[PDB]
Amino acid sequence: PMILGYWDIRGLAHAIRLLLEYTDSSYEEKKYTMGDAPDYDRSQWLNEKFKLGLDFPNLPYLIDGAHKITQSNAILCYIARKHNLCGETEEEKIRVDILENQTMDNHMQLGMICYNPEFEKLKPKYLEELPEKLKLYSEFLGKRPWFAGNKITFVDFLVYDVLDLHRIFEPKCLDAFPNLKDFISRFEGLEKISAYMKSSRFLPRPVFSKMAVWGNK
């Protein structure tokens, strides 16, 4: 079957796993475990990294027969394309593109400070600027059920992950934005998502790798 390869954590594979579940995809997971400190041994992956037929060897990767895909966003698009979750109208597509790139940006910013050895010192400013970021997603969604419009697309999975990672980081961060909380309920309320979250497959944490200062476990 289709196979998703990634570290034995949540990370960049989260939205992918969620999408694979929602779309009722047939897949397996090749999990790689990173060694503990001080080495943080990555040989489980490196000893196989160049033996998978990947053009740009990376994690996560998705193998679907002849198709070997890397780059998290690329994997999401590939799956989304099979289930018409890419956006149909021009307005939807524009929203999808912006979010696809916007979410990764916001994701990176969280990861940047969390892996930074000086995490505790940088945290105050990040939390200071966080409401501003969240408000943008809030205003962008508006009264829409989903981010691209009235139908769900793959970017909802990406935004869900960004919003979720933040409620975990700062529990009260979504309180000022009721529509964002409702988005989360509506998403988690999806039949196939609800079922997956209650299963043994669900892996909401560790958020980041063992090398992280926050969310490393």
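Numbering starts at 1 and follows the sequence shown.
- Remark: stretch with higher mean C-alpha B factor among 15-23 and 193-201 is 193-201.
- When the mean C-alpha temperature factors of 136-144 and 96-104 are read from the deposited coordinates, 136-144 comes out higher.
- As recorded in the PDB entry, 170 shows the highest C-alpha B-factor of the residues 156, 188, 55, 170.
- Residue 4 sits in the lowest third of its chain by CA B factor, as recorded in the PDB entry.
- When the modelled residues of the chain are ordered by C-alpha B-factor, residue 42 sits in the highest third.
- Ranked within its chain, residue 161 lands in the lowest third, by CA B factor from the PDB record.
- Annotation for residue 65: C-alpha temperature factor in the highest third relative to the rest of the modelled chain, per the entry.
- Residue 130: CA B factor lies in the middle third for its chain, per the PDB record.
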